[PDB]
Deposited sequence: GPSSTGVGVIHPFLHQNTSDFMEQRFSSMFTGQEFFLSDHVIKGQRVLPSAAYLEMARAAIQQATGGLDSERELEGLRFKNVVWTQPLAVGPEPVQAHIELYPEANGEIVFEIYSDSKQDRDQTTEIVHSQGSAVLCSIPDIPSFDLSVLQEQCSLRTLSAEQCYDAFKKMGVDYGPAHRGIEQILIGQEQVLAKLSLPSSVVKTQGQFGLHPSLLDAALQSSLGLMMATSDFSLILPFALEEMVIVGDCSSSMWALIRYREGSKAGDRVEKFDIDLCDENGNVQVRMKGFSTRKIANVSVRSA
C-alpha cells in the first residue's frame, strides 16, 4: 500500500533520500482543486508532503523560505512526482519537490528548508475579541466560492472548507471545517490539504475588502511553525504584515490556524503573493 497519500513509495538511494508518487487526478485534492480548467496540486499539499517525508526519514517542525515555482497540473496523463530531502550538518533539511516531464527533465514545483526546533509557547487567542474586531462584513461560503468561480477557480466538495469569513480592517477571521466528503481521511494527514488550503483560500477576504476582483496566489512563505495537531473545525486569522496593503505588487500576510478555543496549532508568517488575473 501507500505510505501516505502524498508519499506513495520510498525510492531513496545512496545519494539522496527520496519519495515518489504517481498522481492520476482522481484523488480528492486534485479532482476537487481545479484552477483555470486544469487539476492542480494545492499549494498546501507541498507542505504536508514535506512534513510527512521528513517524519518518515527521521524514523516541533519549522519550515522556512518556502517557494512555489510551478503548478503541478495533472491532465490525461498521470504525473510522476518526487520529493528529495537533503540533511545538513546544522540540523537543517532542504527539500525539493519536482515531477518528471516527458520529452529527460525534472520540473521543479516547490523548494524549502525545515528544522526540528522546540515548540514556542504562543498564548491562546480570545476568539470572541477577534470576532468583534472582524465585524465590517460577513461572507458566506456561497459568496466565497461564487467569487472563486468567477476568478476561474473551481473548488469541489473536498476543497470547500470555508464556512464563513468575518472581515475586519487589514485582517479577516475565517471559520473552517473539514468537508464531510473527506472526513474519512482526517487521520491520514497531519496538515490536512482541505483545512490548510481553506486557510489559504480565506485570504480572499483581504481582497474582498477591496471588492475589485483579482486572483492573488502565493509564491513564497517565510516561516511555518507546527505547534500542535489540527482539528476538524478550526479558525484562520489572516493579517497583513505591517507595511503591506491590498493592491501591492507583492502582498504579504500571516495566517494563524487556531482550534475552537483559540489555541494556535499552526503559525504561518510571511506569505508573499502576486496578482495573476484581474476580474
Could you give the ranges of the deposited sequence that carry no C-alpha coordinates? 1-7, 67-75, 120-123, 300-304
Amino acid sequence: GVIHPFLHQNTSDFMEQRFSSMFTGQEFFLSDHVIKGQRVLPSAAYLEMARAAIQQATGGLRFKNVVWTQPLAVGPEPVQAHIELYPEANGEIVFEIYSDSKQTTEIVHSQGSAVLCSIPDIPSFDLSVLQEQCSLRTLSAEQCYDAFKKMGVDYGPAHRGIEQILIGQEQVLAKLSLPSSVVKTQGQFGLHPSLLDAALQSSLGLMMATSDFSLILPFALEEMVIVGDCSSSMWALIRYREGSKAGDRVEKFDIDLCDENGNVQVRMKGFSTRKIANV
From here on, numbers count along this sequence of modelled residues.
What stretch has the higher average Cα B-factor here, 255-263 or 8-16? 255-263
Should the higher mean CA B-factor in the entry be assigned to 31-39 or to 217-225? 31-39
Options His192, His82, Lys150, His109 - largest CA temperature factor per the record: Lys150
From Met207, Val74, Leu200, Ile97, which pick has the Cα B-factor that tops the rest in the entry? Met207
Third assignment of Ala246 from its chain's C-alpha B-factors: highest
Lowest, middle or highest third: which one holds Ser113 when the chain's residues are ordered by CA B-factor from the entry? lowest
Entry-reported C-alpha B-factor of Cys144 relative to its chain, by third, is middle
What third of its chain, lowest, middle or highest, does the C-alpha temperature factor of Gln26 fall into? middle
Split the chain's modelled residues into thirds by Cα B-factor; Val129 lands in the highest
